[PDB]
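Whatever order the structure lists ligands and atoms in, that order sets their numbers, starting from 1. As a basis for the values below, the full set of heavy atoms in this structure was taken, side chains included, without hydrogen atoms, waters or symmetry mates. Residues take their numbers from the sequence shown, with the count starting at 1.
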Amino acid sequence: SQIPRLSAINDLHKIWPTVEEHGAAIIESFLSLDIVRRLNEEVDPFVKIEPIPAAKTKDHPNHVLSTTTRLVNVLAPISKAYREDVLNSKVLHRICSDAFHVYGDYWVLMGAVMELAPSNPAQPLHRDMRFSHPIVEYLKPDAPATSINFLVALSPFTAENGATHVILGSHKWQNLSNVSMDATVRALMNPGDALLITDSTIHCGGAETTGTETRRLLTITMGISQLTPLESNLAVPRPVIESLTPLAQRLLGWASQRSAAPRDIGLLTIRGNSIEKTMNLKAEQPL
Ligand SMILES: CN1C(=O)c2ccccc2NC(=O)[C@@H]1Cc1ccccc1
Ligand SMILES: O=C(O)CCC(=O)C(=O)O
Ligand SMILES: [Fe+3]
């Protein structure tokens with residue numbers, strides 16, 4: 001049984017129901033190739049200078065990722081394509097509002113480019129969020145997913161170059177005794193395609209077997225606004241913030257947030273008023 005493949009335009013309403021049922025779907029042409037090109041060009045130098053995940057100069061080293069992984073997050077100050085095109089993706093927002101409506105507003109838990117060096121080994125099969133949000137393990141097993149992960153190919157995903165592994169249905173597994181690479185299927189994808197999984201989907205990056213190809217992806221973990229993002233936009237220059245849409249501002253933590261509770265009293269408010277109202281935060285002011 002293979003990962004279902006859906007069109008970003010044609011099949012839009014089918015995407016989240018497909019993930020909710022099977023734990024994974026491939027969104028074909030999630031980002032256009034022109035956006036992929038621009039993202040790539042804009043993040044390239046930051047990828048090249050990024051040290052190892054656990055670099056000694058970091059005061060929050062990532063000890064989990066392999067030394068042949070590079071991960072660059074807080075993309076808004078680096079990439080116009082990301083902060084305009086990606087953060088405003090209609091497809092992305094329709095899926096997130098489909099996924100998160102029971103909880104409320106959602107935001108970017110982390111937007112990162114990952115680049116894997118040739119011969120990068122397969123990651124251990126895993127669910128996300130367990131090195132950041134242990135609260136998630138305490139959720140009842142039937143609780144709606146509180147985060148999801150769009151793994152967007154910025155270069156080709158093939159079985160040979162380490163395309164992601166997923167276990168279909170594994171987001172509903174309580175008993176993990178059956179986890180093995182035996183149960184996986186691959187996300188074979190063209191640049192701009194996205195693999196969409198939930199925080200309970202068991203998955204892993206694949207083994208890069210060519211010894212030559214450098215695989216790159218954009219991972220967008222979207223999560224309910226009641227959960228703290230893994231990354232901070234607090235240091236993004238205010239001019240950059242004020243060039244965004246209000247929606248993009250909210251996604252980066254530069255706006256207040258709402259839950260779905262009928263009498264919701266809000267998140268990140270100030271004596272009854274929003275961040276953006278208190279600070280008189282402008283939007284869509286070009287640089
Ligand atoms: C550790 N880890 C990340 O760094 C990561 C990277 C991109 C997007 C999400 C994310 N969150 C995570 O929880 C993963 C978990 C993991 C990663 C590699 C091997 C085993 C487990
Ligand atoms: O490399 C991949 O395709 C998967 C990345 C991943 O699962 C993670 O880093 O949490
Ligand atoms: Fe993962």
Short N or O separations between ligand 2 and the protein, below 3.5 Å:
residue	atom	partner	partner atom	Å
ligand 2	1 (O)	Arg215	NH2	3.0
ligand 2	3 (O)	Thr164	OG1	2.7
ligand 2	3 (O)	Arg215	NH1	3.0
ligand 2	7 (O)	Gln123	OE1	3.0
ligand 2	7 (O)	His126	NE2	3.2
ligand 2	7 (O)	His203	NE2	3.1
ligand 2	9 (O)	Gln123	NE2	3.1
ligand 2	10 (O)	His126	NE2	3.0
ligand 2	10 (O)	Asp128	OD1	3.0

Is the Fe ion (ligand 3) less than 2.8 Å from at least one N/O/S atom of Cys204?
no
State plainly whether the residues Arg5 and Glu28 are in salt-bridge range, i.e. N to O under 4.0 Å.
yes
Quick check, are the ring centers of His203 and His126 under 6.0 angstrom apart?
yes
Is there a polar contact, in the sense of an N or O pair closer than 3.5 Å, between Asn62 and ligand 1?
yes
Please work out the angle at the Fe ion (ligand 3) defined by atom NE2 of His203 on one side and atom NE2 of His126 on the other, rounded to 10°.
90°
Okay, side chain of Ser170, backbone of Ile202: is any donor-acceptor separation there less than 3.5 Å?
yes
Closest to atom 19 (C) of ligand 1 among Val64, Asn73, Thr69, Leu151 (heavy-atom distance):
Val64
Mark up the atoms of ligand 1 that fall under 4.0 Å of a heavy atom belonging to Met129, in ascending order.
13 (O)
Measuring to protein heavy atoms, does anything land under 4.0 Å from atom 2 (N) of ligand 1?
no
Hey, is CD1 on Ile265 packed in by over 12 heavy atoms from elsewhere, all under 6.0 Å?
no
For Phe157, does the six-membered ring have the charged nitrogen or CZ of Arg215 within the cation-pi criterion, i.e. under 6.0 angstrom from the centroid and within 45° of the normal?
yes
Where the closest heavy atom to atom 8 (C) of ligand 1 is concerned, which of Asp199, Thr219, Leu230 has it?
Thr219
Closer than 4.0 Å to some heavy atom of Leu71 - which atoms of ligand 1 meet that?
6 (C), 7 (C)
What residue and heavy atom of the protein are closest to atom 18 (C) of ligand 1, and at what distance?
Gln123 NE2, 3.4 Å
Could you list which atoms of ligand 1 come closer than 4.0 Å to a heavy atom of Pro124?
19 (C), 20 (C)
For atom 9 (C) of ligand 1, what's the nearest protein heavy atom and its distance?
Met110 CE, 3.9 Å
Within 4.0 Å of some non-hydrogen atom of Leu65, the atoms of ligand 1 are 4 (O), 18 (C)
So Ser147 and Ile224, do their side chains get closer than 4.5 Å, heavy atoms only?
no
Using salt bridge (charged side-chain N to carboxylate O under 4.0 Å, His left out), reason through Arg70 and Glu50 one step at a time and then give a plain yes or no.
CA-CA 6 Å; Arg70 298 294 181 273; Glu50 176 65 17; over 6 Å; no
Neighbour count above 12 (heavy atom, 6.0 Å) for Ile135 CD1:
no
Relative to atom 12 (C) of ligand 1, which among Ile220, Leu109, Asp128 owns the nearest non-hydrogen atom?
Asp128
Subset of ligand 1 atoms that lie under 4.0 Å from at least one heavy atom of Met114
7 (C)
